[PDB]
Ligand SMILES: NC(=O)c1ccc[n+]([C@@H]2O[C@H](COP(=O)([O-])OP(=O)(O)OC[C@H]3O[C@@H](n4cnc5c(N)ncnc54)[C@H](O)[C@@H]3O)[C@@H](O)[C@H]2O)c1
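A lone chain, given as structure tokens: the form solved without the ligand.
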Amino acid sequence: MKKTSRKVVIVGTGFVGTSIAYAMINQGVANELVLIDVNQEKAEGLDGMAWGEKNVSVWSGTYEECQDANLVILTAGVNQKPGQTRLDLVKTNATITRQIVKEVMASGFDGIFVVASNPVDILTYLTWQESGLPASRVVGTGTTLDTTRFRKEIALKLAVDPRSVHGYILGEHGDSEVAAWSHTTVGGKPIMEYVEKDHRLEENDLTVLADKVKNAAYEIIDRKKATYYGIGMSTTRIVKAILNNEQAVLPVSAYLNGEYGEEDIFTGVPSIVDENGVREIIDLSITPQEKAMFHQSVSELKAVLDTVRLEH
């Protein structure tokens, strides 16, 4: 019989993997959902999957399950312990992810990678070089979440449905991300026109918005009370676009080859996502100032990446 199932494997069953799994189940995006428990090196944390509405068979397994899997979601990695340095955390999660990817490939997997573990841009690159798969088949969550927040906040300030707002947060989601105001529109109207022609908006309004999203990239507190809904939703959004061949434009972590003036790196940029992963990148002609900040962001990205990238 000609079979019609989409198999997704979630490596890492901690807070993130758990949240992603629930969102997957809730949206019935995949028919087969396999959860691989990594260890005490996850996001900390069986029957908790039996409540799905639109029936999806979820079970626990091993890396062997990655053979026939279409997409594997990486969510493993630990949190920064008091004392440990940021660089030591990057190194830690870099060796965890690499090991996981090594085993995933061992099984014979030949699908698509969706990286959700942090630092996303770096782990996505390590995933790429470790799996040897084509760049377009290794997809990081990029600034999908930050962008969704960006749009909602703008929507809230101008009392409009977020769906009428189009814009992006570019780069690595953190203090270096770039609010691309030049290509942010509301009802088709450039946001800068709200400040440089209508004056219904001030310059400080944009900065406050960009900062709300900017330093929101670190607001979670005790983690046991957090829902991880944002990460679950954004990751599920990407999986869905891949599995349904949506050709959707998402600011996922994509490999650049000149677009935005950068190259040989994965980072948040508007990209068309389909059955085959990232088809191409949309290169927006952002302003010199935005390009400058984008440069700053990729520069810092590469510096940290150099501390863990493989030699071949």
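The term rigid core refers to the maximal set of C-alpha atoms that superpose within 1.5 Å between the two forms. Throughout, we count residues from 1 along the sequence that is shown.
There is another form of the same protein, the form solved in complex with the ligand; it is not shown, and what comes next is about it.
Open or blocked pocket for the ligand when its pose in the deposited bound form is superposed here, using 3 or more ligand atoms within 2.4 Å of backbone or C-beta atoms as the test for blocked?
Placed partner shows the pocket blocked.
Candidate site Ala21, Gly111 and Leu133: all three near the ligand in the deposited bound form by heavy atom within 4.5 Å
No: none of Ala21, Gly111 and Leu133 comes within 4.5 Å of the ligand in the deposited bound form.
Which residue among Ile191, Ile242, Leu145, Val138 has a heavy atom within 4.5 angstroms of the ligand in the deposited bound form?
The residue in contact is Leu145.
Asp274, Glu32, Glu64, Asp37 - the one with a heavy atom within 4.5 Å of the ligand in the deposited bound form:
Contact residue from the list: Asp37.
Determine which one of 152 to 160, 124 to 132, 94 to 102, 206 to 214 lies within 4.5 Å of the ligand in the deposited bound form, judging by heavy atom distances; exactly one does.
Within 4.5 Å of the partner lies stretch 94 to 102.
Do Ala76 and the ligand come within 4.5 Å of each other in the deposited bound form, heavy atoms counted?
Judged by the heavy-atom cut-off of 4.5 Å, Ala76 is in contact with the ligand in the deposited bound form.
Is there a heavy atom of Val11 lying 4.5 Å or less from a heavy atom of the ligand in the deposited bound form?
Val11: contacts the ligand in the deposited bound form.
Answer for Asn118 alone: is it within 4.5 Å of the ligand in the deposited bound form, judged on heavy atom distances?
Looking in the deposited bound form, residue contacts with the ligand include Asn118, since a heavy atom lies within 4.5 Å.
Do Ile231 and the ligand come within 4.5 Å of each other in the deposited bound form, heavy atoms counted?
Yes, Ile231 is a contact residue.
Taking the rigid core as the reference frame, is the Cα of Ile221 displaced by 2 Å or more between this form and the one not shown?
After core superposition, the C-alpha of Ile221 moves 2 Å or more between this form and the one not shown.
On a core-based superposition, does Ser285 travel 2 Å or more at its Cα between this form and the one not shown?
No, the C-alpha moves less than 2 Å.
Once the two forms are fit on the core, has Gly61 moved its CA by at least 2 Å between this form and the one not shown?
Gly61: C-alpha displaced by less than 2 Å between this form and the one not shown.
Closer or farther: the CA pair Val120/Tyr218 in the deposited bound form, versus this form, with a change of 3 Å or more?
Relative to the shown form, the pair is farther apart.
Are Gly171 and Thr227 closer or farther apart at their Cα atoms in the deposited bound form than shown, with the shift being 3 Å or more?
Nearer in the deposited bound form, by 3 Å or more.
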